[PDB]
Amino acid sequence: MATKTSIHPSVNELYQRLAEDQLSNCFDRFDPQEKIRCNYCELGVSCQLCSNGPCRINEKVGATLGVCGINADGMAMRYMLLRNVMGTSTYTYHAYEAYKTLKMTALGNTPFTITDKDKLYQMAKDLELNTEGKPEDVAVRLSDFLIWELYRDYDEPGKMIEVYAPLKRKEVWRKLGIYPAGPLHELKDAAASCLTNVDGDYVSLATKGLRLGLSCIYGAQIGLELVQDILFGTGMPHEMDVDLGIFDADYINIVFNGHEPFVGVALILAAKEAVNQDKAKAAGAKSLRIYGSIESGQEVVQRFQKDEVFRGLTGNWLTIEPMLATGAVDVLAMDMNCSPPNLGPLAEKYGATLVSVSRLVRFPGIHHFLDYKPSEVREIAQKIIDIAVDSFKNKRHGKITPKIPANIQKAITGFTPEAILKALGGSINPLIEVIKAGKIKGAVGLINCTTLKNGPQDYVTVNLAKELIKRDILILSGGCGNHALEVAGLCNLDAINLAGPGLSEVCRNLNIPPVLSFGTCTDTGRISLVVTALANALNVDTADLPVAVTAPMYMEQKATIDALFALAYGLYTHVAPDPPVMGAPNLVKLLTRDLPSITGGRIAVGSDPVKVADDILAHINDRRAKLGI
């Protein structure tokens, strides 16, 4: 058997159960699509945007342009821009909900509280907001200000970008005309540009993609993550359990899955109530447990300890179907992507109950719809617990055979800029010195999804990471790719043994792993805070630093909006598999060859871990040479 599966043994074991049970699954669905792949679509040179189409670029038959007159470069970049409107929209949606959650929390309407009050007041001071009165007054003002940043138009100056972006970058952005409006206007402008017979200029469309990336980081991501820190605490390093062996079939098991952590936190709070533990015991369970899945799970493991109630992180999105095949899940509560749309029949077979907790998430076979509102989350969480108790009794316990793989790995989660500074003794200077001395050649932000396109689940990501650390490159990781490295064991102290001589020495001295878990793809803005701090300490631009970004198994456009940001931010940005652009030669030249003279960044490509790592190291060494280190 030649099926492309996973690098993880636990997933491979569970794939065997899905196959034995004759259930459809991503791994098996890949090859039928392989058999009929469209080469025009693979290369970005098809278009379906209007009724004169569908169109294809084929010069042999005189189809050099679409009916409307657009060329291959415009066609490919326009569809890229459109798909990235979707990515920006998800981050904007999440930010808005975070800000309404903070406001409603301050008004007393949620089960949450103001946890990191120091961050609240420091952020309010940095943004020149009134800090008089009660903390709850300050939190309302901050929420309203951050909503204003979402809504601000292209002609109203932002404050977040001024506080959180370095001047040398801001100067480049002003020169290029890519200082963004708020993300709601920028995503509306980008979408309008993609309508037929509007923007057909690949350079303009690329520039609009860069603007869109900047609007997403400064106008949505940084604010939402800092607000989530205010609500739930700023992460510090701690030990977490990951992989699918964390499940135990004799407990009531509720799994929260998506990118927004509000329902998951409410569930943990509710499950800690004795009345709910007593319900679980009365139903025949040992107790009631909450688990995190994908990015909502990662948000929680960044800030919360493993305890008797919250048990850790299952894995990334290609683990969801396998997870159901454990026969251990009572409720899967889904808040955003990835919630794959054929989970219904798997939930039926394995005796799990599916609950959507967002109006965004719908697909056949969901059992309950409990759309999130801050003022209702207490009641939503309690309803989910009651559903899970009923499901355990009626569907699963003693009825479904559990087949839980034994694998559990330890990961140190919760790295944040604040945690890095604390490990270094309170300033970034020791890190600068070990980079100057060459103990650490540079650093990579691995900000990534997972996919099957360019290998078994997580194969490229894990092996690239191993090649990078062997070359004395420190990794800061976020996204599904971060979950991969955690499950693969690269985020614990044992992994120091796999790093090169300089990085192993630094890691042992600081007592940190060679891969630092920074959380989600939504934490790209937060990772930029570290890179900005490095540039400022060295008195250089971000494009001058010995760093790079990689999204080596990208899937959806949250990852590519983060890649567009990285390009605007001046960075060498590796992306695999190839985005659908390679049939557009002038667009390829722009992104891979000309952008260094425009933003300083560039796209890099490829899926061979050694070659990709060597190409990243060569970039890092070029930057080092120009710095004289």
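Residues carry their position along the shown sequence, with the first being 1. For clarity, a rigid core is taken as the largest C-alpha set superposing within 1.5 Å between two forms.
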### Query
in 4 other deposited structures of this protein, superposed on the rigid core, which stretch sits farther off in Cα RMS terms, 535-543 or 98-106?
535-543
#### Entry: Farther-lying stretch by C-alpha RMS in 4 other deposited structures of this protein (rigid core fit) among 417-425, 393-401
393-401
### Summary
Assert higher mean C-alpha B factor (497-505 or 441-449, deposited values) equals 497-505
### Task
Could you check the entry and say whether 91-99 or 361-369 has the higher mean CA B-factor?
361-369
### Task
Pick out which of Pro546, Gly213, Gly284, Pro456 has the highest C-alpha B-factor in the PDB entry.
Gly284
### Query
Which one of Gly200, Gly315, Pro183, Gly223 shows the top CA temperature factor in the record?
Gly315
### Summary
For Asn130, the third of its chain by CA B-factor is the highest
### Query
Going by the entry, which third of its chain does the Cα temperature factor of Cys38 land in?
middle
### Summary
Here the Cα B-factor of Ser597, set against its chain, lands in the third termed highest
### Task
Classify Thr326 as lowest, middle or highest third according to the C-alpha B-factor given in the PDB entry, relative to its own chain.
middle
### Query
Of the three thirds of its chain by CA temperature factor, lowest, middle or highest, which one includes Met123?
middle
